[PDB]
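Comments concern the structure below.
Chains as they are written, first to last, in PDB author numbering: chain CB, 20 to 148, 153 to 181; chain Cu, 22 to 78, 87 to 152, 160 to 187; chain Cj, 65 to 69, 72 to 79, 83 to 212, 231 to 248.
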């Protein structure tokens, strides 16, 4: 939900006997297929933009700029990881293509299928279709009653 | 020129470590990544710290010159006068640094477009201003921007 | 067709103009920090070598098929026919190299567009171009396939005419 790692603990030991369908956890940071030549930035985090599209947010001027969940005509990149202790958000610029699991809007999530063009809403959530090239590569997977993630490939601006 | 070589008779006092980087001779970018793509190209004029367009025509290889708009190709972040070559960051690569502004009207949160002379002017969009325009000398205004592409 | 394409009875006959080969190295100017991806391609539908390709997520794997500029994912720079694997440079990266064209008479500096077959054509055909493509050299024919040196740098803000 609001944390990459499960906030509560667990009372069981994992079986660790199977190898199929084990990467659906929310704590799976980073991309699924990553290149060593990827440009990676970091920024102070305002809110929890984890696994969401991020946009530049400014202040009065006394403090440096930071990044917040957003999209549309102000999209700047995609946040793939966050260090909670330092409040720093890992940002992949939109000029660098990305492939990984991203948060999907809980509205018509069933209609999302592989090959469906997607775009970012004002809250950084992927929504079914403008100016950003994103393609769903799987179907929606439910983690929480309101949390849905989908495998997508972002490859620049239209 | 990027580095006007002039001989002096007295040393200039330089001890303060603040307000020391906003200068016309500071090439490169404020933040740079090892995986940033750089290309050197022959140039005409002086497109240093400006948007550059690739001009194609004894026939010679294509060169670059100050420009923008639909013809925008990249940003010139460094220059070599002896070899008459200019290091260029392609438009497909994001950049953060000080560039030439048309005038002092540019302020923070302002969306900027590269004009026909490669200068940043207020409003497709290419960069977002980070600080106010500062007059380095005469009519030379430098603004910190975060180039992200073209809209 | 293929790239390598055969026993010869005799050998084929300056340094200039020796790069005009169908199986030449695609990148005229390469660079480390260029991202290259691997995908599967249809071995009986269209040969994607030196063509603009699009991602088609199939029911068994994500394939790359020749596509137009409107829905282009990148440029296929090399193919391994033994594994039927295509190597793709994403459109987010710059490219300067030789690509397949269908017009045997294209001059230098002209604006170009990729058609539905992943083929370079003149941008004056009518479809609104969405990519910055410029001809760095005149088109040449290898006897028959037409090739041309092009520079591709990102998408175009507003579609042209």
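Quick reminder that beta carbons are idealized off the backbone N, C-alpha and C, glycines included.
When C-beta distances to chain Cj are compared with 7 Å, the residues of the region 104-127 of chain Cu below that value are 119, 120, 121, in chain order. Here residue 25/Cu is exposed: its Cβ has fewer than 16 other Cβ atoms, across all protein chains shown, within 10 Å. A Cβ-Cβ distance of about 5 Å is found for the pair residue 95/Cu and residue 71/Cu, placing them in contact under the 8 Å criterion. Assigned with DSSP and collapsed to three states, residue 185/Cu falls in coil, not helix or strand. Nearest to residue 101/Cj by C-alpha distance, out of 147/Cu, 89/Cu, 59/Cu, is 59/Cu. Secondary structure at residue 99/Cu: helix, using DSSP grouped into helix, strand and coil. The three-state reading of DSSP puts residue 93/CB in helix, counting H, G and I together. In summary, residue 71/CB is buried, with 16 or more beta-carbon neighbours lying within 10 Å of its beta-carbon over all protein chains present.
Against chain CB, the beta carbon of residue 103/Cj has neighbours under 9 Å at 56, listed in chain order. The Cβ atoms of residue 168/Cj and residue 91/Cj lie no closer than 8 Å to each other. A check of alpha carbon separations from residue 164/Cj across 98/Cj, 181/Cj, 122/Cj, 86/Cj identifies 98/Cj as the nearest.
The beta-carbon of residue 154/CB is placed less than 8 Å from the nearest beta-carbon of chain Cu.
Residue state for residue 61/Cu is assigned as strand, using DSSP reduced to three classes. Just so you know, the alpha carbons of residue 57/Cu and residue 100/CB end up roughly 21 Å apart. For the region 140-162 of chain Cj, the set of positions with a beta-carbon nearer than 7 Å to some beta-carbon of chain CB reads 142, 159, 160, 161 in chain order. Residue 132/CB is positioned such that its CB atom lies no closer than 8 Å to that of residue 178/CB. Counting only runs that start and end inside the region 105-158 of chain Cj, the beta strand (DSSP E) elements of at least 3 residues fall at 106-110, 120-126, 131-135, 143-149. For residue 121/CB, the enclosing beta strand (DSSP E) begins and ends at 117-123.
Note that the C-beta distance between residue 114/CB and residue 184/Cu is below 8 Å. In the structure shown, residue 192/Cj adopts helical secondary structure according to DSSP, grouped into three states. Considering only beta carbons, the part of the region 68-84 of chain CB lying closer than 9 Å to chain Cu consists of 75, 77, 80, 84, in chain order. DSSP places residue 61/CB inside the beta strand (DSSP E), whose first and last residues are 60-63. For residue 207/Cj, same chain residues with a beta-carbon under 7 Å away, outside a window of 5 residues either side, are 175, 176, 177 in chain order. Here residue 129/CB carries a helix assignment [DSSP, helix/strand/coil]. By the Cβ test, the region 158-173 of chain CB is in contact with the region 127-144 of chain CB, since at least three Cβ pairs between them sit closer than 8 Å. The bridge partners DSSP lists for residue 109/Cu are 114/Cu.
Here the alpha carbon of residue 151/Cj sits roughly 24 Å from the alpha carbon of residue 103/Cj.
For the options 137/CB, 119/CB, 118/CB, 120/CB, the alpha carbon positioned closest to that of residue 127/CB is the one of 137/CB.
Across the structure, residue 125/Cu and residue 52/Cu are spaced so that their CA atoms are roughly 6 Å apart.
Judged by DSSP in its simplified three-state form, residue 173/Cu adopts strand. Secondary structure of residue 164/Cu (DSSP, three-state): strand.
Contact annotation for residue 112/CB against chain Cu: 123, 184 [CB-CB distance below 8 Å, chain order]. Shown here for residue 118/CB: same chain residues with a beta carbon closer than 7 Å to its own, the five before and five after excluded, namely 50, 51, 52, 176 in chain order. The beta-carbon separation of residue 85/CB and residue 65/CB, rounded to 5 Å, stays under the 8 Å limit for a contact. Inclusion of residue 137/Cj and residue 148/Cj in the CB contact set at 8 Å is not warranted, their separation being larger than that value. If you check each beta-carbon in the region 64-78 of chain Cu against every beta-carbon of chain Cj, the ones closer than 7 Å belong to 77.
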